[PDB]
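Taking it in order: structure first as structure tokens, then the write-up.
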Amino acid sequence: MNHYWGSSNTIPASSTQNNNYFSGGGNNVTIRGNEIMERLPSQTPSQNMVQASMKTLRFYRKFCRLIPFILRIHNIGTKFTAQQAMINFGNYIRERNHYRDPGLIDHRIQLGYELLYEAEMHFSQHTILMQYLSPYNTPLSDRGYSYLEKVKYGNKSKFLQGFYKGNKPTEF
Amino acid sequence: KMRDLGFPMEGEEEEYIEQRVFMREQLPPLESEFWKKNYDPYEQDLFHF
Amino acid sequence: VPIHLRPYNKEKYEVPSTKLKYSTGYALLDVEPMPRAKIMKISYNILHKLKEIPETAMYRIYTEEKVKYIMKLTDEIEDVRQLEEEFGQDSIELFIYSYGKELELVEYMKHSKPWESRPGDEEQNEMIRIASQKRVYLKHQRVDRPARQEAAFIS
Amino acid sequence: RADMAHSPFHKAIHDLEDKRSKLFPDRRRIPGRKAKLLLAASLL
Amino acid sequence: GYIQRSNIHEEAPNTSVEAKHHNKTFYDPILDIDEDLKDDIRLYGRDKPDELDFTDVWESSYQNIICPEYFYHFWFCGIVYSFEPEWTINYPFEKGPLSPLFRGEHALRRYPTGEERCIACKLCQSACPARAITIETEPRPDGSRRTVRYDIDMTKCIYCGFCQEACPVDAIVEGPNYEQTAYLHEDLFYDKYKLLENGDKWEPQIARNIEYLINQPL
Amino acid sequence: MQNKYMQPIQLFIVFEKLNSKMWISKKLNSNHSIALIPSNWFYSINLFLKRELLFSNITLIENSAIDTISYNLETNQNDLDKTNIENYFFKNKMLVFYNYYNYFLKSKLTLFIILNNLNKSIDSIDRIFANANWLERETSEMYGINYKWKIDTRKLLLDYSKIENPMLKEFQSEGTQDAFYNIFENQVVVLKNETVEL
Amino acid sequence: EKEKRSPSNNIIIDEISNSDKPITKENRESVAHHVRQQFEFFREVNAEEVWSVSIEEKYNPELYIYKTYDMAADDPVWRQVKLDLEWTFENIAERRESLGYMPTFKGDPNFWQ
Amino acid sequence: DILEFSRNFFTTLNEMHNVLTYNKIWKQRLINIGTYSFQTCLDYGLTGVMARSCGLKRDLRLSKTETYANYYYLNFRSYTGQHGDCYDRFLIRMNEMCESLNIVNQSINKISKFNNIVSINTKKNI
Amino acid sequence: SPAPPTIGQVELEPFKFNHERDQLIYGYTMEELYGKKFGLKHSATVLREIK
Ligand code: SF4
Ligand code: SF4
């Protein structure tokens with residue numbers, strides 16, 4: 001398969017062997033490929049919501065399979081575990097659940113594959129790509145956190161918390 | 001097969017090998033390929049299995 | 001008998017020429033010793049390939065007319081220099097290359113069917129029709145002072 | 001015509017034989033002279 | 001294009017010796033020997049001539065064995081090109097050639113009486129392609145309209161001179177100074193004090209240059 | 001005018017099911033012809049162009065898109081007729097234009113396509129013209145165009161780990177993020193931006 | 001009567017060419033006429049360029065060949081250009097030496113009263 | 001001063017000429033490198049020096065319908081290669097520099113006043 | 001309808017190799033079809049000097 005994900009795009013086990021003798025093999029799913037990606041063709045158009053949902057599920061599965069490799073190569077394993085990163089990106093996808101245009105979904109899947117490939121080949125910076133794996137309402141695991149506003153504004157509603165803390169600087 | 005394709009068959013002509021192996025563009029696909037109904041990868045039908 | 005309905009004459013066209021250019025003006029383009037024979041061959045092959053397109057389609061009619069024109073012109077001319085003076089006053093090699101390119105369009109047009117309509121034509125025509133119309137503006141419109149709003153009283 | 005001989009646009013038209021001789025080479029290279037000379041000299 | 005041309009062929013000039021503009025020695029038999037070399041097939045493609053010759057044999061033997069590229073280029077570059085005098089301009093002690101139009105450091109000018117030329121018309125602010133000029137205006141207690149703020153971000157400026165062209169009283173100018181290198185980013189935030197002192201320091205040269213430029217149309 | 005000109009009318013002769021709308025203007029070169037093309041025939045039309053005689057010696061010069069959802073005449077609003085090409089910029093969500101040059105006919109040909117679907121989907125021609133790869137990639141990333149049957153759909157000029165279409169009219173030229181160095185992380189991060197205004 | 005054209009005329013409007021011969025599917029001779037016209041236009045548009053197209057150049061090419069240390073010496077036009085430059089310099093030098101002086105612009109602070 | 005620059009630019013261009021053009025290393029580094037024909041030259045939208053190297057005669061200044069700014073009414077040459085490689089592009093660039101010098105000279109001549117007033121007797125300039 | 005003449009697949013290419021040319025010129029030679037190719041045409045003086 002003349003593609004970056006092809007079954008023959010694996011790194012050889014040794015300099016004289018693709019795998020052990022008597023057989024062949026290689027890992028192309030949980031790690032990056034041997035040759036670099038040179039083209040990423042368009043997603044085949046989806047005629048209904050079922051195909052788009054299948055595309056989303058398969059993209060999420062590929063992302064989940066690639067999480068541990070990304071965490072290891074980017075040195076971000078202490079901020080969150082693999083499962084936490086999967087859950088955060090699933091929260092992202094859930095926030096994108098209301099989509100109902102299959103062409104828009106194909107475009108989004110193309111963009112997601114592109115960003116995943118950028119992450120897995122050290123094109124992007126870890127402090128930049130971590131914005132998609134970060135928790136929504138929880139502190140990161142690599143540092144301490146402040147619970148001051150939890151104690152002072154204990155039972156107060158969201159409106160009161162946003163009223164006591166302004167929305168603009170006060171010097172001017 | 002190479003001679004039928006048009007590859008160089010002499011030492012002197014090999015200097016232009018690329019002109020016969022890379023510089024020729026691939027033919028564009030027919031529009032019937034775009035007008036297909038399903039685009040799933042092929043697999044064996046296991047009805048009787 | 002018309003030339004396009006006349007069997008290909010190997011002896012008439014495959015004749016050496018004593019007046020050929022030293023070279024073409026293009027890199028990796030070789031002078032063709034017998035260009036008229038090649039033109040006749042490509043024209044006949046084009047007609048045979050068109051034999052599969054529906055006869056009522058304008059693609060077939062247009063291509064057949066152009067091929068007939070080219071065949072008549074190249075048959076009536078025996079000197080390559082005047083033939084090259086026709087067809088854009090350039091190297092005949094470019095013309096032959098482009099005509100060989102013309103060969104494949106017959107296969108490419110079978111699966112595209114320019115003679116058959118498509119489901120999306122109606123929306124395109126509607127949006128074409130909508131675009132061109134008189135476009136007045138809200139200002140420059142006459143507004144008069146409304147009459148007094150008479151008050152209504154309940155019983 | 002400024003790019004062909006005897007053009008009125010050209011200015012230096014009078015006798016410039018001395019300047020033309022001084023500014024440009026006066027001998028034509030002939031193939032094989034250096035090759036034959038150098039090879040024979042090297043062998044000897 | 002927009003005119004007619006009955007004859008598109010530009011005929012060659014008259015070649016007769018009787019003609020007034022006859023140019024002898026235009027064609028040199030020693031130099032113009034292109035008829036010798038024009039029939040070579042090597043100049044038209046990848047093809048080879050019908051017959052090779054011992055002249056080509058000798059040329060190849062000379063090129064491959066003697067290797068003239070190590071003595072031709074070496075001598076002809078090294079010795080001769082090193083004989084030429086140097087081109088260096090001693091920067092601390094000499095300056096490169098400029099012009100009175102040179103666009104350098106911005107300055108605000110004054111009338112010969114000491115009055116500010118700038119009347120806060122804000123044409124220079126809208127003329128700036130980089131949006132580097134900020135102006136605020138209040139009526140001065142004597143009644144004249146003057147800026148209470150006129151500042152230029154020199155890190156935004158592209159040194160294009162659109163502002164000095166837009167000024168209708170020649171208030172803002174680009175001076176001849178280019179040695180304005182700063183150690184802090186805040187040293188390049190030019191306020192009215194800086195531009196005014198730049199004008200008060202560089203006034204003679206700016207006046208001379210502007211005098212010449214004004215006299216040019218006259 | 002003062003030169004030999006002919007319309008590219010054979011294109012609509014072969015494609016018998018298409019309306020023909022062509023323009024010539026003195027604001028363009030005297031050999032430049034502009035035509036309107038429906039979106040559902042673009043791939044077949046390019047297939048015909050690439051191979052048909054007196055069209056085969058053609059090259060793709062330029063490709064881009066126009067966001068006409070905010071197109072308004074600012075002056076001379078009463079000097080518009082039904083034949084003006086700008087009359088097709090109204091009520092139309094998106095426009096796409098391609099510009100080619102033909103060496104045999106020595107002609108410039110511009111083709112305009114009206115996109116009226118919200119997802120902005122159109123077939124790609126980078127399998128026919130090798131120019132269209134980078135051009136279409138840049139157009140797709142700038143204007144959100146969804147190209148189908150494209151060789152490469154990756155971003156061309158935009159930054160990593162970002163999804164945006166900066167050339168839409170809704171987008172402000174200052175963007176939404178800024179890049180700063182973070183001491184607490186010893187690496188560059190992106191933050192919501194506060195910018196100066198003139 | 002409502003439209004200005006016959007029902008068999010497909011030319012809604014033609015300002016570019018003002019053509020009176022519509023191309024129609026029914027009339028096959030119109031296709032032949034259009035083909036003849038387009039080939040004639042091909043020949044004529046390629047027969048009007050002053051530099052791009054030249055059959056005489058195709059049959060009698062003129063080449064530039066590098067043969068000496070001087071790039072200009074391989075072409076008479078460049079030699080003529082160099083001689084013209086020297087001629088202009090000599091004329092300027094003699095014309096300026098004849099006068100004996102050179103007027104100059106001298107600054108005047110009286111300009112700034 | 002522009003004419004002075006042109007006269008000395010001839011010499012500087014010859015100086016660059018004699019270390020590169022006939023150099024064996026330069027020829028072995030540039031000849032038959034990156035060779036392409038007109039078909040690629042059309043597929044990838046190549047224009048300018050690259051298009052003149054692929055063999056195509058395409059100059060916007062010399063085009064009848066596409067010329068601009070006095071170019072159509074001058075007299076200069078343009079150069080096309082016959083191999084479509086790096087050597088052709090190098091030679092074309094050098095020759096284009098020379099022709100640019102020629103065009104500048106022609107323009108200066110077009111804004112020049114050559115003839116003068118001569119005395120009725122003795123044909124002496126005044 | 002008469003059968004059209006056959007066109008080779010490698011035919012219609014812009015340029016030809018040695019065996020392709022051999023296919024094309026089966027009845028003739030290079031000189032009879034293409035003409036004569038000349039390397040260099042030295043003048044009488046140059047030839048005399050070379051000898
Ligand atoms: S352009 Fe001149 S006059 Fe106007 S606000 Fe600026 S400095 Fe003042
Ligand atoms: S020189 Fe140009 S960019 Fe700089 S302040 Fe003036 S107008 Fe703005």
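Residues are named by chain letter and number: chains run A, B, ... in the order of the structure tokens, numbers start at 1 in each chain, and ligands are numbered from 1 in the order shown.
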
Would you list the contacts of stretch 21-36 of chain G as a list in words, taking every protein, DNA or RNA residue within 9 Å and counting only C-alpha atoms, but skipping same-chain residues closer than 4 positions in sequence?
residues 56, 57, 58, 61, 62, 65, 66 and 69 of chain C; 9, 10, 13 and 16 of chain F; 8, 9, 10, 11, 40 and 41 of chain G

With only C-alpha atoms as the counted atoms, please give the residues lying no more than 7 Å from stretch 167-171 of chain E, apart from itself and same-chain residues fewer than 4 positions off, as a PyMOL selection string.
chain E and resi 108-109+117-118+123-124+163

Return as a PyMOL selection string the residues of protein, DNA or RNA that approach ligand 2 to within 6 Å, with only C-alpha atoms and all ligand atoms taken into account.
chain E and resi 127-130+132-133+157-163

May I have the residues from that selection written out with C-alpha atoms, as a tab-separated table (two decimals), in the first residue's frame?
chain	number	residue	atom	x	y	z
E	127	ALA	CA	-0.71	58.39	6.10
E	128	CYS	CA	1.31	55.90	8.16
E	129	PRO	CA	1.17	52.38	6.65
E	130	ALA	CA	2.47	50.86	9.89
E	132	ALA	CA	3.18	53.92	14.14
E	133	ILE	CA	2.04	57.51	14.83
E	157	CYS	CA	7.90	52.23	11.63
E	158	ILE	CA	9.03	51.02	8.21
E	159	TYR	CA	10.97	54.23	7.44
E	160	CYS	CA	8.98	54.87	4.28
E	161	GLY	CA	8.67	58.66	4.43
E	162	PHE	CA	4.92	58.74	3.72
E	163	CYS	CA	4.44	60.93	6.80

So that I can check the surroundings of residue A:30, please list as a ChimeraX atom specification every protein, DNA and RNA residue that reaches within 10 Å of it, counting only C-alpha atoms and ignoring chain neighbours fewer than 6 positions away.
/A:62-70

Only residues of chain F matter here; which ones have an atom within 12 Å of chain H, counting only C-alpha atoms? Give them as a PDB file with N, CA and C atoms, in the first residue's frame.
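Once written, selection.pdb looks like this:
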ATOM      1  N   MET F   1      -9.764  44.121 -30.010  1.00  0.00           N
ATOM      2  CA  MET F   1      -9.442  45.465 -30.473  1.00  0.00           C
ATOM      3  C   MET F   1      -7.961  45.587 -30.830  1.00  0.00           C
ATOM      4  N   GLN F   2      -7.695  45.976 -32.076  1.00  0.00           N
ATOM      5  CA  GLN F   2      -6.343  46.080 -32.627  1.00  0.00           C
ATOM      6  C   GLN F   2      -5.546  44.783 -32.483  1.00  0.00           C
ATOM      7  N   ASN F   3      -6.218  43.668 -32.199  1.00  0.00           N
ATOM      8  CA  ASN F   3      -5.570  42.366 -32.162  1.00  0.00           C
ATOM      9  C   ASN F   3      -6.608  41.304 -32.488  1.00  0.00           C
ATOM     10  N   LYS F   4      -6.122  40.135 -32.888  1.00  0.00           N
ATOM     11  CA  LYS F   4      -7.001  39.027 -33.232  1.00  0.00           C
ATOM     12  C   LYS F   4      -7.509  38.372 -31.954  1.00  0.00           C
ATOM     13  N   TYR F   5      -8.829  38.306 -31.807  1.00  0.00           N
ATOM     14  CA  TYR F   5      -9.450  37.699 -30.643  1.00  0.00           C
ATOM     15  C   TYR F   5     -10.578  36.775 -31.078  1.00  0.00           C
ATOM     16  N   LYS F  26     -11.767  45.892 -20.821  1.00  0.00           N
ATOM     17  CA  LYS F  26     -10.573  46.685 -21.072  1.00  0.00           C
ATOM     18  C   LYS F  26      -9.707  46.849 -19.832  1.00  0.00           C
ATOM     19  N   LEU F  28      -8.749  44.236 -18.287  1.00  0.00           N
ATOM     20  CA  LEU F  28      -7.899  43.071 -18.462  1.00  0.00           C
ATOM     21  C   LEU F  28      -7.102  43.213 -19.750  1.00  0.00           C
ATOM     22  N   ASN F  29      -6.206  42.259 -19.977  1.00  0.00           N
ATOM     23  CA  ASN F  29      -5.501  42.210 -21.245  1.00  0.00           C
ATOM     24  C   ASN F  29      -6.481  41.899 -22.371  1.00  0.00           C
ATOM     25  N   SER F  30      -6.116  42.315 -23.582  1.00  0.00           N
ATOM     26  CA  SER F  30      -7.020  42.175 -24.716  1.00  0.00           C
ATOM     27  C   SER F  30      -7.215  40.728 -25.148  1.00  0.00           C
ATOM     28  N   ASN F  31      -6.439  39.788 -24.607  1.00  0.00           N
ATOM     29  CA  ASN F  31      -6.584  38.372 -24.920  1.00  0.00           C
ATOM     30  C   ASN F  31      -7.132  37.567 -23.746  1.00  0.00           C
ATOM     31  N   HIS F  32      -7.768  38.227 -22.783  1.00  0.00           N
ATOM     32  CA  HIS F  32      -8.233  37.591 -21.555  1.00  0.00           C
ATOM     33  C   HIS F  32      -9.748  37.444 -21.603  1.00  0.00           C
ATOM     34  N   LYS F  50      -7.413  19.703 -20.577  1.00  0.00           N
ATOM     35  CA  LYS F  50      -6.038  19.216 -20.497  1.00  0.00           C
ATOM     36  C   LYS F  50      -5.607  18.465 -21.753  1.00  0.00           C
ATOM     37  N   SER F  56      -4.676  21.654 -25.260  1.00  0.00           N
ATOM     38  CA  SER F  56      -3.759  20.817 -24.494  1.00  0.00           C
ATOM     39  C   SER F  56      -2.504  21.573 -24.079  1.00  0.00           C
ATOM     40  N   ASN F  57      -2.075  22.552 -24.871  1.00  0.00           N
ATOM     41  CA  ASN F  57      -0.876  23.315 -24.547  1.00  0.00           C
ATOM     42  C   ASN F  57      -1.236  24.452 -23.599  1.00  0.00           C
ATOM     43  N   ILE F  58      -1.791  24.106 -22.440  1.00  0.00           N
ATOM     44  CA  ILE F  58      -2.304  25.073 -21.480  1.00  0.00           C
ATOM     45  C   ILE F  58      -1.595  24.871 -20.150  1.00  0.00           C
ATOM     46  N   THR F  59      -1.548  25.936 -19.355  1.00  0.00           N
ATOM     47  CA  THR F  59      -0.984  25.877 -18.016  1.00  0.00           C
ATOM     48  C   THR F  59      -1.904  26.617 -17.057  1.00  0.00           C
ATOM     49  N   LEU F  60      -1.967  26.129 -15.821  1.00  0.00           N
ATOM     50  CA  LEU F  60      -2.741  26.788 -14.778  1.00  0.00           C
ATOM     51  C   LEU F  60      -1.888  27.875 -14.134  1.00  0.00           C
ATOM     52  N   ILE F  61      -2.349  29.119 -14.218  1.00  0.00           N
ATOM     53  CA  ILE F  61      -1.561  30.247 -13.734  1.00  0.00           C
ATOM     54  C   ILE F  61      -1.897  30.587 -12.288  1.00  0.00           C
ATOM     55  N   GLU F  62      -3.181  30.633 -11.938  1.00  0.00           N
ATOM     56  CA  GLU F  62      -3.560  31.071 -10.600  1.00  0.00           C
ATOM     57  C   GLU F  62      -4.876  30.438 -10.173  1.00  0.00           C
ATOM     58  N   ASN F  63      -5.063  30.364  -8.858  1.00  0.00           N
ATOM     59  CA  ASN F  63      -6.270  29.842  -8.235  1.00  0.00           C
ATOM     60  C   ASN F  63      -6.510  30.622  -6.954  1.00  0.00           C
ATOM     61  N   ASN F  99      -7.289  30.655 -13.263  1.00  0.00           N
ATOM     62  CA  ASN F  99      -6.739  31.398 -14.390  1.00  0.00           C
ATOM     63  C   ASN F  99      -5.688  30.545 -15.083  1.00  0.00           C
ATOM     64  N   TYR F 100      -5.881  30.317 -16.385  1.00  0.00           N
ATOM     65  CA  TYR F 100      -5.011  29.520 -17.236  1.00  0.00           C
ATOM     66  C   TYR F 100      -4.499  30.362 -18.399  1.00  0.00           C
ATOM     67  N   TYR F 101      -3.386  29.921 -18.989  1.00  0.00           N
ATOM     68  CA  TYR F 101      -2.855  30.512 -20.211  1.00  0.00           C
ATOM     69  C   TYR F 101      -2.652  29.436 -21.270  1.00  0.00           C
ATOM     70  N   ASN F 102      -3.079  29.733 -22.496  1.00  0.00           N
ATOM     71  CA  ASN F 102      -2.988  28.824 -23.631  1.00  0.00           C
ATOM     72  C   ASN F 102      -1.971  29.364 -24.627  1.00  0.00           C
ATOM     73  N   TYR F 103      -0.940  28.557 -24.910  1.00  0.00           N
ATOM     74  CA  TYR F 103       0.171  28.974 -25.762  1.00  0.00           C
ATOM     75  C   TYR F 103      -0.184  28.942 -27.246  1.00  0.00           C
ATOM     76  N   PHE F 104      -0.924  27.923 -27.693  1.00  0.00           N
ATOM     77  CA  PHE F 104      -1.339  27.870 -29.094  1.00  0.00           C
ATOM     78  C   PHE F 104      -2.209  29.063 -29.463  1.00  0.00           C
ATOM     79  N   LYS F 106      -2.629  31.690 -27.561  1.00  0.00           N
ATOM     80  CA  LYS F 106      -2.074  32.881 -26.925  1.00  0.00           C
ATOM     81  C   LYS F 106      -3.145  33.634 -26.141  1.00  0.00           C
ATOM     82  N   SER F 107      -3.840  32.915 -25.265  1.00  0.00           N
ATOM     83  CA  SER F 107      -5.018  33.469 -24.616  1.00  0.00           C
ATOM     84  C   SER F 107      -4.982  33.230 -23.115  1.00  0.00           C
ATOM     85  N   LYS F 108      -5.611  34.137 -22.376  1.00  0.00           N
ATOM     86  CA  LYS F 108      -5.848  33.961 -20.951  1.00  0.00           C
ATOM     87  C   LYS F 108      -7.300  33.559 -20.749  1.00  0.00           C
ATOM     88  N   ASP F 126      -6.154  18.869  -8.924  1.00  0.00           N
ATOM     89  CA  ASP F 126      -4.719  18.656  -8.791  1.00  0.00           C
ATOM     90  C   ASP F 126      -4.263  17.333  -9.389  1.00  0.00           C
ATOM     91  N   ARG F 127      -5.190  16.424  -9.691  1.00  0.00           N
ATOM     92  CA  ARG F 127      -4.865  15.223 -10.447  1.00  0.00           C
ATOM     93  C   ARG F 127      -4.774  15.485 -11.942  1.00  0.00           C
ATOM     94  N   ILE F 128      -5.202  16.657 -12.396  1.00  0.00           N
ATOM     95  CA  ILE F 128      -5.105  17.048 -13.795  1.00  0.00           C
ATOM     96  C   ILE F 128      -3.980  18.049 -14.013  1.00  0.00           C
ATOM     97  N   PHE F 129      -3.904  19.070 -13.163  1.00  0.00           N
ATOM     98  CA  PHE F 129      -2.849  20.074 -13.210  1.00  0.00           C
ATOM     99  C   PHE F 129      -2.013  19.954 -11.945  1.00  0.00           C
ATOM    100  N   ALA F 130      -0.701  19.776 -12.109  1.00  0.00           N
ATOM    101  CA  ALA F 130       0.174  19.647 -10.949  1.00  0.00           C
ATOM    102  C   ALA F 130       0.331  20.958 -10.191  1.00  0.00           C
ATOM    103  N   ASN F 131      -0.041  22.086 -10.802  1.00  0.00           N
ATOM    104  CA  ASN F 131      -0.040  23.358 -10.088  1.00  0.00           C
ATOM    105  C   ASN F 131      -1.002  23.337  -8.912  1.00  0.00           C
ATOM    106  N   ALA F 132      -2.163  22.707  -9.092  1.00  0.00           N
ATOM    107  CA  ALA F 132      -3.285  22.898  -8.187  1.00  0.00           C
ATOM    108  C   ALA F 132      -3.037  22.348  -6.791  1.00  0.00           C
ATOM    109  N   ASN F 133      -1.983  21.565  -6.580  1.00  0.00           N
ATOM    110  CA  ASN F 133      -1.725  21.008  -5.258  1.00  0.00           C
ATOM    111  C   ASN F 133      -1.537  22.104  -4.214  1.00  0.00           C
ATOM    112  N   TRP F 134      -0.462  22.882  -4.342  1.00  0.00           N
ATOM    113  CA  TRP F 134      -0.171  23.910  -3.347  1.00  0.00           C
ATOM    114  C   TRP F 134      -1.185  25.045  -3.404  1.00  0.00           C
ATOM    115  N   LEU F 135      -1.606  25.432  -4.611  1.00  0.00           N
ATOM    116  CA  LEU F 135      -2.585  26.507  -4.748  1.00  0.00           C
ATOM    117  C   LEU F 135      -3.885  26.156  -4.040  1.00  0.00           C
TER     118      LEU F 135
END

Extract, using only C-alpha atoms, all DNA, RNA and protein residues at most 10 Å from residue F:11, discarding same-chain residues fewer than 3 positions from it, and format them as a list in words.
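In the requested format, the answer is residues 59 of chain C; 7, 8, 14, 15, 16, 18, 20, 45, 48, 49, 52 and 55 of chain F.
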
Could you pull the residues within 9 Å of residue I:13, counting only C-alpha atoms, minus those fewer than 4 positions along the same chain, as a compact mmCIF listing (two decimals) with N, CA and C atoms, in the first residue's frame?
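After the write, selection-v8.txt holds the following:
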# COMPACT_ATOMS: atom_id res chain seq x y z
N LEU C 29 12.79 17.21 -27.56
CA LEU C 29 11.80 17.06 -28.62
C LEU C 29 12.54 16.77 -29.91
N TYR C 97 2.29 16.09 -31.01
CA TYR C 97 2.21 15.71 -29.60
C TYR C 97 0.84 16.03 -29.02
N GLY C 100 -1.76 13.55 -30.48
CA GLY C 100 -1.69 12.32 -29.71
C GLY C 100 -2.32 12.45 -28.34
N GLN I 9 2.65 1.95 -28.47
CA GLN I 9 2.47 2.62 -27.19
C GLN I 9 3.62 3.57 -26.90

Residue neighbourhood residue I:25, 12 Å, only C-alpha atoms, exclusion window fewer than 3 positions, as an NGL selection string:
(:C and (14-16 or 32-34)) or (:I and (16 or 18-22 or 28-34))

Using the selection just defined, write its residues with C-alpha atoms as a PDB file, in the first residue's frame.
ATOM      1  CA  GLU C  14       5.300   7.233 -45.520  1.00  0.00           C
ATOM      2  CA  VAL C  15       7.666   8.971 -47.937  1.00  0.00           C
ATOM      3  CA  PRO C  16      11.024  10.469 -46.872  1.00  0.00           C
ATOM      4  CA  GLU C  32       9.831  13.578 -36.909  1.00  0.00           C
ATOM      5  CA  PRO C  33      11.051  12.381 -40.338  1.00  0.00           C
ATOM      6  CA  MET C  34       7.506  11.495 -41.500  1.00  0.00           C
TER       7      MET C  34
ATOM      8  CA  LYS I  16      13.017   8.364 -29.145  1.00  0.00           C
ATOM      9  CA  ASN I  18      17.951   3.795 -30.186  1.00  0.00           C
ATOM     10  CA  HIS I  19      15.640   0.784 -30.502  1.00  0.00           C
ATOM     11  CA  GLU I  20      12.636   3.072 -30.992  1.00  0.00           C
ATOM     12  CA  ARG I  21      14.479   4.747 -33.872  1.00  0.00           C
ATOM     13  CA  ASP I  22      15.335   1.296 -35.235  1.00  0.00           C
ATOM     14  CA  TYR I  28      15.865   3.292 -44.370  1.00  0.00           C
ATOM     15  CA  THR I  29      18.942   4.789 -42.680  1.00  0.00           C
ATOM     16  CA  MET I  30      19.616   7.878 -40.574  1.00  0.00           C
ATOM     17  CA  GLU I  31      21.048   9.813 -43.524  1.00  0.00           C
ATOM     18  CA  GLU I  32      18.128   9.106 -45.864  1.00  0.00           C
ATOM     19  CA  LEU I  33      15.501  10.253 -43.333  1.00  0.00           C
ATOM     20  CA  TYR I  34      16.980  12.789 -40.905  1.00  0.00           C
TER      21      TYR I  34
END

From a backbone DSSP assignment, name each residue in stretch 5-94 of chain C labelled helix (DSSP H, G or I), as a PyMOL selection string.
chain C and resi 5+10-13+35-50+58-76+80-85+92-94

Up to 9 Å from chain I, what residues of chain B turn up? Count only C-alpha atoms and give them as a list in words.
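That gives residues 3, 4, 5, 6, 7, 8, 9, 10 and 13 of chain B for chain B.
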
Convert the current residue selection to file output with N, CA, C and O atoms, as a compact mmCIF listing (two decimals), in the first residue's frame.
# COMPACT_ATOMS: atom_id res chain seq x y z
N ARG B 3 11.57 -2.67 -21.85
CA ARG B 3 11.67 -2.21 -23.23
C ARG B 3 10.29 -1.88 -23.79
O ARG B 3 10.14 -0.90 -24.54
N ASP B 4 9.28 -2.68 -23.46
CA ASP B 4 7.92 -2.34 -23.86
C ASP B 4 7.47 -1.02 -23.24
O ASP B 4 6.82 -0.21 -23.89
N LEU B 5 7.82 -0.80 -21.97
CA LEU B 5 7.46 0.45 -21.31
C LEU B 5 8.15 1.64 -21.95
O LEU B 5 7.54 2.70 -22.12
N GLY B 6 9.43 1.50 -22.30
CA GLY B 6 10.17 2.58 -22.92
C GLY B 6 11.38 3.00 -22.12
O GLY B 6 11.89 4.11 -22.29
N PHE B 7 11.85 2.12 -21.24
CA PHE B 7 13.01 2.42 -20.42
C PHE B 7 14.28 2.42 -21.28
O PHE B 7 14.32 1.77 -22.33
N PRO B 8 15.32 3.14 -20.87
CA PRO B 8 16.58 3.10 -21.61
C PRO B 8 17.18 1.71 -21.62
O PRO B 8 17.13 0.98 -20.62
N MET B 9 17.77 1.33 -22.76
CA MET B 9 18.36 0.02 -22.95
C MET B 9 19.84 0.09 -23.33
O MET B 9 20.37 -0.85 -23.92
N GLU B 10 20.50 1.20 -23.02
CA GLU B 10 21.91 1.36 -23.31
C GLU B 10 22.55 2.21 -22.22
O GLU B 10 21.87 2.95 -21.51
N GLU B 13 22.05 6.05 -22.80
CA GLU B 13 20.70 6.56 -22.61
C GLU B 13 20.28 6.60 -21.15
O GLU B 13 19.33 7.31 -20.81

At a cut-off of 10 Å, list the chain C residues touching chain B, using only C-alpha atoms, as a list in words.
residues 28, 104, 107, 108, 109, 110, 111, 112 and 113 of chain C

Would you mind listing, as a PyMOL selection string, all residues of chain H that have at least one atom within 8 Å of chain E, where only C-alpha atoms are what counts?
chain H and resi 18-19+23-25+64-65+82-83
